[PDB]
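Asker: my sequence and its experimental structure, below.
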Amino acid sequence: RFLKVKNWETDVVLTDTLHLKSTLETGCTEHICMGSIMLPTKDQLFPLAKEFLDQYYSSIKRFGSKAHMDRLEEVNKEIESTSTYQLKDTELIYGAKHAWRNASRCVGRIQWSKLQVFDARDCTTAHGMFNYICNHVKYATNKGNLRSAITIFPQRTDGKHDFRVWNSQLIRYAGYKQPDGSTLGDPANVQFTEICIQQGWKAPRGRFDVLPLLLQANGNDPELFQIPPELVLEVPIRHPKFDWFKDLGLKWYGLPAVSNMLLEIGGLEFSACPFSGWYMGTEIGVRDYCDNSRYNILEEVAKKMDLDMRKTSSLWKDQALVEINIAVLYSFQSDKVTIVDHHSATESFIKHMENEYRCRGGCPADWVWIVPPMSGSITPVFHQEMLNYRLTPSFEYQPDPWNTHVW
Amino acid sequence: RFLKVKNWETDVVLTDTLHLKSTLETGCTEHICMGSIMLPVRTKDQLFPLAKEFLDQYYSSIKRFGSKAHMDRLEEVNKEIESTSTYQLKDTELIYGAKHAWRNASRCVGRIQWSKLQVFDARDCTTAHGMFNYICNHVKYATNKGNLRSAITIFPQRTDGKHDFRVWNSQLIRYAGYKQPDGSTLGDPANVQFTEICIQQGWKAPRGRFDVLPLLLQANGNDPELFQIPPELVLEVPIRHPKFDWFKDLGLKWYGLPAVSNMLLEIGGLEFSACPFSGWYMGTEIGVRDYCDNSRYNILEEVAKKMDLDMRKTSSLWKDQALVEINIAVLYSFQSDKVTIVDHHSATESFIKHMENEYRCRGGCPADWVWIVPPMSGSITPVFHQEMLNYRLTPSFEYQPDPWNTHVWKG
Ligand code: HEM
Ligand code: HEM
Ligand SMILES: Cc1cc(N)nc(COC[C@H](N)[C@H](C)OCc2cc(C)cc(N)n2)c1
Ligand SMILES: Cc1cc(N)nc(COC[C@H](N)[C@H](C)OCc2cc(C)cc(N)n2)c1
Ligand SMILES: C[C@H](O)[C@H](O)[C@H]1CNc2nc(N)[nH]c(=O)c2N1
Ligand SMILES: C[C@H](O)[C@H](O)[C@H]1CNc2nc(N)[nH]c(=O)c2N1
Ligand SMILES: [Zn+2]
């Protein structure tokens, strides 16, 4: 019931008690572990509200106070009357920060308390959503000195008037199937791109076309908007040693901004809550560039490097991977766009974990996601046992809206 | 129930039914996943169902399920248990059981090979000296002058828990480690405690960086005894790099034979506490873990120095650069000396083909992602992108506590 986690490099053991608060289910049972699986009414609402307000009033050292009791009373009144309730600004901010704090797959959580929260609950139309999003993009980008931010649109009501950003990230590149059989651009976004074209977007048909936003307000049919090009900061990728690297014509965007998740706070559901931070280099250099189903550039790079690609055991893939990732970091650093390398980020996370164990009694962490996709065991997180469990407030995956939307 | 796993690179989806046969626990619950936790005397009463479950699996595999031979064997085992409180496996059952414990080993990326395993039956062994002779023979057979062959040697099963056979070494071949008065370590820091035990027992330590440890062997619950493996049976590879001529001057070498000796083999409820088993290395085990863990030989700094990489900031990825070079060197050296080794690309590609085959013929393949994904270059191997289900099947290999923590010293 009280659980130990050990670091096998340092022998440090920490004791987790925070897990006993976990509410949601993991996918695992006593018979089967699903650790590597990617996707494993009134009566319901008051308990969820109470749990949340209890933790909130606890956090501000006012647990059991009249203000605590009065707010439970007020929210109770309101749920009974209106079947939902509204968060105070202070609660919305607390909840958003804690959703990030509780994100077990996020290595960047040392930063969790420094989150700029933009309250967009007064938003009513898609044009308004576009405005809020441009402002978030500009604020978070901050000319390359990136700042964490979330923009929170109105909460789900009866579920037929959902706000959604159809895009998976605020900034992403289009994907196009070719008569050729190949894929131009990002193969991850082929389907979403078709949706955009079918809804009107005139596609430039290039390798790095920033997609338009497809915004849904109040359960209405989603509409298209182009982010002002001048607010989308991009970085050309070059290498400090290989002058030929620039000729690959690679670039990436500076701002990672997840826009397809659902924020749950005290039982309320915010289906449009785009949030952004800054990149860890491997996300671009290892995954975006080298996944076989992504830009898949390993073969081209290795060739320009004159490596022996005859046998897997020459480690030509590994050599070219390291170089691509040196180039990503160097390109961002040279242009003064915030980025973190996987060594620095993971070292940060271990310090954050220790703070959380010391101050909170634990930290939910998914080792499968936290360990970087290259050089795993030379980062400290590889050797750190982690317990994964689900705490609320939380970010949750939700189905793509085009499967849900009645047009 | 059917469970699906998806490959996120290929979109190939597999359906697992094998998990229905899982009995042992995982450590996980609906409320907590313990997937990254390293570590998450039987009654007659508990033993017969375990024996029956095993014999049913065995007789099905030979297409004799429910035959007179199957029924007579159940009968024979049942009477043996009620009368002696235990039972003996037939040689065929022992072979089948040892192979299946490997097939079932969810942390093992090398399982495409599971059906090719030489089983050495050492259940007539009675003394530590006897155990030494069996282990030498295993080493020589498995080594095969560099053309490595998988093998397991199986010593007598547990009886009352007071007469256990144990190999105290964690691997048959491993290098000594010595803590110095100034707090530095000579040799392998992983083996300091065991080295101190060997010394205490009377081993004369060479006190160098790659001293092969003696065997410490316990027969029949007696105090363990020291033996030196004949040096001519211990095949080693000096490590050099194909392009960097200074790499040899780091003085590195490693042994060719990875042989785990501290695990417990469970077959049909019987417990084989000494069951050393060996295969061949995947290069990253040596190049990444043994050489580059901070807690092991920790050579990253020296290598990067000699490569003249920019070491003033981690973001030059100097560690990653040195890491790849070291792993090239390991593969190169083993290949050059004709000692079997596999790279992490080949091994993971073979594991995926193995796993798909297992899904088709067997209904599943329990696999532990945390262990199967190599410790470098994870996502450029296909296993990174493969969803896996981890569950426990028997026969199995299990962790057991180090014997110095439990042994009753006779004196
Ligand atoms: C400030 C810098 C940040 C860094 C360096 C960072 C790092 C990361 C990384 C590397 C991932 C894995 C992404 C992947 O492989 O797809 C991740 C996942 C995630 N992070 Fe962050 N993070 C940051 C900020 C944030 C912020 C501001 C939030 C929310 C307010 C957040 C919530 C999440 C969530 C929910 C996931 C899991 C996403 C999913 O399941 O797809 N992170 N983080
Ligand atoms: C034939 C070549 C083989 C290869 C390339 C191979 C590969 C591996 C590797 C890389 C590991 C993880 C090692 C670590 O990080 O500590 C491993 C684990 C394991 N393999 Fe193998 N394997 C082979 C043969 C065998 C054999 C012959 C057996 C038993 C009969 C076996 C049973 C296991 C077990 C039980 C584990 C988990 C060990 C633990 O928990 O410490 N494997 N395999
Ligand atoms: C906020 C933030 C900062 C940072 N450095 N990196 C990120 C990474 O965002 C990318 C997303 N996690 C990607 C697109 O999600 C992958 C994914 C796929 C699926 C099927 C489910 C799921 N939960 N997640 C987000
Ligand atoms: C037979 C074989 C072949 C091959 N290529 N590799 C292996 C694995 O050898 C390494 C061992 N697993 C290492 C020493 O065990 C580490 C370990 C430590 C702890 C505390 C628990 C545990 N289960 N395992 C075994
Ligand atoms: C099947 C497996 O869960 C899947 O490939 C995961 C593994 N770890 C990951 N880790 C991160 N950070 N991001 C990912 O997309 C994935 N993919
Ligand atoms: C804490 C974590 O489970 C531990 O470091 C694991 C991770 N994965 C591993 N994978 C393999 N193959 N071998 C290991 O020793 C480990 N160590
Ligand atoms: Zn689990």
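Answerer: Cool, the structure landed. Numbers count the residues shown, from 1 in each chain, chains lettered A, B, ... in the order given. Ligands and ions are numbered 1, 2, ... in the order given.
Asker: which stretches of the stretch 201-350 of chain A form strands?
Answerer: Ranges of strands in the stretch 201-350 of chain A, per DSSP state E, counting those that start in this stretch, are A:213-216, A:223-225, A:234-236, A:251-253, A:257-258, A:262-265, A:268-270, A:275-276, A:279-280, A:339-340.
Asker: wondering if the fifth one reaches ligand 3 at all.
Answerer: Yes - part of strand A:257-258 sits close enough to ligand 3 to count as contact by CB under 6 Å from any ligand atom, namely residue A:258. Where you see a C-beta, it was placed from the backbone N, CA and C, and this is true even at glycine.
Asker: now what about that strand, what contacts it?
Answerer: With contact meaning CB atoms under 8 Å, 6 or more residues apart in numbering or on different chains, strand A:257-258 is reached by A:136, A:137, A:140, A:168, A:169, A:170, A:171, A:274, A:275, A:276, A:395.
Asker: quick one: which of the residues you listed has the most company?
Answerer: Of all the contacts of strand A:257-258, the most densely surrounded is residue A:274 (28 neighbours; neighbours counted as other CB atoms under 10 Å in any protein chain shown).
Asker: skip the chain neighbours and tell me the closest residue to that one.
Answerer: residue A:259 (3.9 Å; CB to CB, 6 or more residues apart in numbering or on different chains).
Asker: and residue A:249, what does it touch?
Answerer: Shown in contact with residue A:249 (CB under 8 Å, 6+ apart): residue A:207.
Asker: circling back: for ligand 7, find the nearest of the strands of the stretch 201-350 of chain A.
Answerer: Closest approach to ligand 7 among those is made by strand A:262-265 (22.2 Å; CB to the ion).
Asker: ok so, going back, which one of the contacts of strand A:257-258 is nearest residue A:330?
Answerer: Nearest to residue A:330 among the contacts of strand A:257-258 is residue A:171, at 21.2 Å by CB to CB.
Asker: and the residue nearest to that closest one when sequence neighbours are not counted, bridged to which residues?
Answerer: Take residue A:171 and drop its neighbours on the chain: the residue closest to it by CB to CB, 6+ apart is residue A:253, 4.5 Å away. Note on residue A:253: beta-bridge partners by DSSP bridges are residue A:234.
Asker: and residue A:253, how far from residue B:71?
Answerer: Distance, residue A:253 to residue B:71, using CB to CB, to the nearest Å: 69 Å.
Asker: same thing with residue A:259?
Answerer: Residue A:259 sits 64 Å away from residue B:71, going by CB to CB.
Asker: on that earlier part again, what is the burial count for the residue nearest to residue A:171?
Answerer: By other CB under 10 Å, 21 other residues sit near residue A:253.
Asker: one more: the one 10 residues further on?
Answerer: Here the number of neighbours of residue A:263 (other CB under 10 Å) works out to 25.
Asker: quick check: residue A:200 touching residue A:223?
Answerer: No - contact between residue A:200 and residue A:223 fails when scored by CB atoms under 8 Å: they sit 9.1 Å apart.
Asker: neighbour count for those two, which is higher?
Answerer: Regarding residue A:200 and residue A:223, a neighbour count based on other CB under 10 Å identifies residue A:223 as having more, with 19 against 10.
Asker: what sits against the closest residue to that one other than its chain neighbours?
Answerer: Nearest non-adjacent residue to residue A:223, counting by CB to CB, 6+ apart: residue A:126, 4.4 Å away. By CB under 8 Å, 6+ apart, the contact set of residue A:126 is A:215, A:216, A:217, A:220, A:222, A:223, A:225.
Asker: hmm, residue A:217 and residue A:125 touching each other?
Answerer: Yes - the criterion here is CB under 8 Å, and residue A:125 meets it with residue A:217 at 5.1 Å.
Asker: so those two - more neighbours on which side?
Answerer: Between residue A:125 and residue A:217, counted using other CB under 10 Å, the more crowded position is residue A:217 (23 against 13).
Asker: ok, the more buried one touching residue A:163?
Answerer: Yes - between residue A:217 and residue A:163 there is a contact under CB under 8 Å: 5.8 Å.
Asker: overlap in contacts of those two?
Answerer: Shared contacts of residue A:217 and residue A:163, defined by CB under 8 Å, 6+ apart, comprise A:123, A:129.
Asker: leaving out sequence neighbours, find the closest residue to the closest residue to ligand 2 within the stretch 201-350 of chain A.
Answerer: Nearest residue of the stretch 201-350 of chain A to ligand 2 (CB to the nearest ligand atom) works out as residue A:313 at 13.5 Å. Excluding its sequence neighbours, the residue lying closest to residue A:313 (CB to CB, 6+ apart) is residue B:343, at 4.2 Å.
Asker: domain ranges for chain A?
Answerer: A:16-121+A:148-158+A:262-276+A:346-370, A:122-147+A:162-233+A:397-401, A:234-256+A:279-344 (curated CATH domains).
Asker: buried ones in the one helix or strand residue A:68 maps to, by neighbour count?
Answerer: Taking DSSP states H and E as the criterion, residue A:68 maps to helix A:66-82. Across helix A:66-82, burial judged by 16 or more other CB atoms under 10 Å in any protein chain shown covers A:68, A:71, A:72, A:75, A:79.
Asker: and which of those residues is nearest ligand 4?
Answerer: Proximity of these to ligand 4 (CB to the nearest ligand atom) peaks at residue A:68, which lies at 46.7 Å.
Asker: wait, what's in contact with the closest one?
Answerer: Here residue A:68 is in contact with A:53, A:54, A:57, A:62 (criterion: CB under 8 Å, 6+ apart).
Asker: list buried residues within these.
Answerer: Buried among the contacts of residue A:68 by 16+ other CB under 10 Å: A:53, A:57.
Asker: so of the contacts of residue A:68, which ones are in strands?
Answerer: Taking DSSP state E, every one of the contacts of residue A:68 sits outside strands.
Asker: dump the residue contacts of whatever residue of the stretch 251-400 of chain A ends up closest to ligand 4.
Answerer: Nearest residue of the stretch 251-400 of chain A to ligand 4: residue A:385, at 11.1 Å (CB to the nearest ligand atom). For residue A:385, the contact set (CB under 8 Å, 6+ apart) comprises A:5, A:6, A:7, A:8, A:367, B:36, B:37, B:38.
Asker: and the third one, what are its bridge partners?
Answerer: So the one you mean is residue A:7. Counting by DSSP bridges, the residues bridging with residue A:7 are residue A:384.
Asker: can you count the residues close to it?
Answerer: Residue A:7 is flanked by 17 other residues according to other CB under 10 Å.
Asker: need the contact list for it.
Answerer: Residue A:7 makes contact with A:13, A:350, A:380, A:383, A:384, A:385 under the criterion CB under 8 Å, 6+ apart.
Asker: quick one, which of those residues are buried?
Answerer: Members of the contacts of residue A:7 classed as buried by 16+ other CB under 10 Å are A:350, A:380, A:383, A:384, A:385.
Asker: dump those residues into TSV; add distance to ligand 6 as well.
Answerer: Output for the buried ones among the contacts of residue A:7, formatted as TSV (distance: CB to the nearest ligand atom, whole Å):
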residue	distance to ligand 6
A:350	12
A:380	10
A:383	4
A:384	6
A:385	4
